[PDB]
Structures are given as C-alpha cells and as structure tokens.
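J.:
Number of protein chains: 2
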Amino acid sequence: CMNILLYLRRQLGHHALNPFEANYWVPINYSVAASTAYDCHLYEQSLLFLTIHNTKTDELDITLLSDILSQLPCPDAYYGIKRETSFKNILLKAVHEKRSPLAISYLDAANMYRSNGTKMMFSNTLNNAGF
Amino acid sequence: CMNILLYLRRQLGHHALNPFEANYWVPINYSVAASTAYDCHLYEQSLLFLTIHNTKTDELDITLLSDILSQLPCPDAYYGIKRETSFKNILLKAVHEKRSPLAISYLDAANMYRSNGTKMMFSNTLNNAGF
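The listed protein sequences correspond, in order, to chains Z and P.
Here this note's numbering is used: the first residue of the first sequence is 237, the next is one more, and so on.
Here this note's numbering is used: the first residue of the second sequence is 237, the next is one more, and so on.
Here it is in structure tokens:
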C-alpha cells in the first residue's frame, strides 16, 4: 500500500497545480502512512512521509521522529531531535556514542547503585570499550 | 637494640673528627640494622639507618629501599625510586594514585584476562575510582 501510494505520488496527477498537491492528489494522511512505514522497518520511507506531513500541516510526531532517528541505519542519526536534557537522556547519548570521557560506565554505575534495558546497555558499553 | 644503637650514635664522641664517624663508634653494618628496623615497622628509623649506611658504604639495597618507600606514610612516596617500567610497574604505580586517566581499571582489566595481590589491588582500585 505504501509502494502504490508513493507510485501514484510520483506521477503527475491530473489538473494538479502543485507537485505536492499531486502528492495529495489522492487524499491521504501522511502521519498514519509514516507510522505504518516505521512499523514496516523501511525507515527512509517513514522519514519521507514525515516530510510530506510537515510540508503540509506541520504535524510531526516527536515520539515517532525520535524513534525513526534512533532505528535509522544512518550513522549521524538519533541526534535529529533534542530530548529534554536529563540524566537518562545523556546516558542514552553516551551509550550510543560510546565515549571514554564521561563514559557510560559511570552513568550505569550510578543507575545500579541508585537502583533506578539498562543492563544490556552497560554490558554493551563494557564489551565495546575493551574491558 | 635499635634504641641503644641510636642512643649511642647520638652521643658526642670524645676526640671524634666527625659526627658521622661518631655514629660508627660501635663497629656495625647499618644495612642489616635498617632491614631489621623495616621489619620492626619503624620506617623512618629504617630510612635513617639506610641513609647512614649509604653515606658510609654507598651500597644501598635497592630492593630494600623500594620495600621501605612502599609503606612510608608520606603521601609523596613511591616515586623516590623509579622501577624500570613493565606491565607490572605501570599497574602498581596507577593503583597508588587511584586515578581514572590512564585507567588503573583498564590495566587491571587487561591483566585479569592476560594473566600477566591483584585480587585486592583490583578491588581497591575500583573502590577508590568510585565505581
């Protein structure tokens, strides 16, 4: 369904003034299509559908955008949106970056001592660091 | 016996050219006295005997000096004598500082799997680092 929607989108709709109007020349909602795409694991399509909706109505879902940026295979992703800067957010940022200064080992040690998939993150950081 | 030795060394020697040779009025080898003092747990006294012996014979026991400086209460000890660096001198020097740069945690982690005392040094390094 996403493929046929995109395929109709590329073709020039009849008596359509705007190419984006040709995208909506079939009346569809881009948020639900983008959610289905991200559930279909083809993330570039989900990003395209988000861009369609934002260019139309500016209705980007922050949760969906953050999740897409996370799971997206591109290297410089997951930094597209800036989450509320808490300890957990910088813990995730460190475990994704895998940095030695202010290493995620310190953050996960704080989590374990304070009893706050953190275990998987700690083990991954330990194995990827070298210890 | 060490108390008598020191008491006699302190006294003014009649027709004695040097206070140095006055410290050697009773013929003895100060190196064995210093080793006994180190075994007597009076490390400052052991260093005094070691330096008087080195003033006489210039024949200090390097291993004995390292053993003395390992337990000396002064914080800026352990660096008087340099041990030619190997993968055991780096670890032992980093244990004392308990520092995160040039991580003693890293060297301990490497040695715990390369199999190159440690069962307490590692735990104390981890505790001192704060993890």
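Backbone N, C-alpha and C define an ideal beta-carbon position, used for all residues, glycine too.
Residues in the segment 339-365 of chain Z with C-beta within 8 Å of chain P's C-beta atoms, listed in sequence order?
T.: Per Cβ criterion, the list reads 341, 342, 345.
J.: Which word fits residue 277 of chain P, buried or exposed, when buried means at least 16 other C-beta atoms lie within 10 angstroms of its C-beta?
T.: Exposed.
J.: Buried or exposed: where does residue 282 of chain P fall if 16 or more other Cβ atoms within 10 Å of its Cβ makes it buried?
T.: Answer is buried; the Cβ neighbour count reaches 16.
J.: When you compare the segment 314-328 of chain P with the segment 267-277 of chain P, are there three or more beta-carbon pairs, one atom per stretch, that lie closer than 8 Å?
T.: no
J.: For residue 366 of chain Z and residue 325 of chain P, what's the separation of their Cα atoms in angstroms?
T.: 21 Å
J.: Looking only at C-alpha atoms, which of Z:332, Z:264, Z:350 sits nearest to residue 357 of chain Z?
T.: Z:332
J.: Determine the direct distance from the alpha carbon of residue 290 of chain Z to that of residue 237 of chain Z, and round the result to whole angstroms.
T.: 21 Å
J.: Residue 254 of chain Z to residue 337 of chain Z, Cα distance in whole Å?
T.: 51 Å
J.: With H, G and I counted as helix, E and B as strand and the rest as coil, what does DSSP make of residue 332 of chain Z?
T.: helix
J.: Buried or exposed, going by whether 16 or more other CB atoms sit within 10 Å of the CB of residue 243 of chain P?
T.: exposed
J.: Run down chain P in chain order and give the residues with a C-beta less than 8 Å from the C-beta of residue 367 of chain Z.
T.: 341, 342, 345
J.: Express the C-alpha separation of residue 299 of chain Z and residue 305 of chain Z in angstroms, rounding to a whole number.
T.: 10 Å
J.: Taking the Cβ atom as the reference point for each residue, do residue 269 of chain P and residue 285 of chain P lie within a distance shorter than 8 Å?
T.: yes
J.: At what residues does the alpha helix (DSSP H) containing residue 274 of chain Z begin and finish?
T.: 266-275
J.: Please name the residue, chosen from Z:342, Z:297, Z:246, that lies closest to residue 316 of chain Z on a Cα-to-Cα basis.
T.: Measuring from the Cα of residue 316 of chain Z, the nearest candidate turns out to be Z:297.
J.: Answer yes or no: do residue 241 of chain Z and residue 264 of chain Z have a C-beta to C-beta separation smaller than 8 Å?
T.: yes
J.: Give me the Cα-Cα distance between residue 262 of chain Z and residue 239 of chain Z, rounded to the nearest whole angstrom.
T.: Residue 239 of chain Z has its alpha-carbon roughly 14 Å from the corresponding atom of residue 262 of chain Z.
J.: Within 10 Å of its beta-carbon, does residue 287 of chain Z have 16 or more other beta-carbons around it, so buried, or fewer, so exposed?
T.: The residue in question, residue 287 of chain Z, is exposed, as its Cβ has fewer than 16 Cβ neighbours within 10 Å.
J.: Taking a contact to mean a Cβ-Cβ separation below 8 Å, would you say residue 334 of chain Z touches residue 354 of chain Z in this structure?
T.: no
J.: Which residues mark the beginning and the end of the alpha helix (DSSP H) in which residue 245 of chain Z is found?
T.: DSSP places residue 245 of chain Z in the uninterrupted alpha helix (DSSP H) bounded by 238-246.
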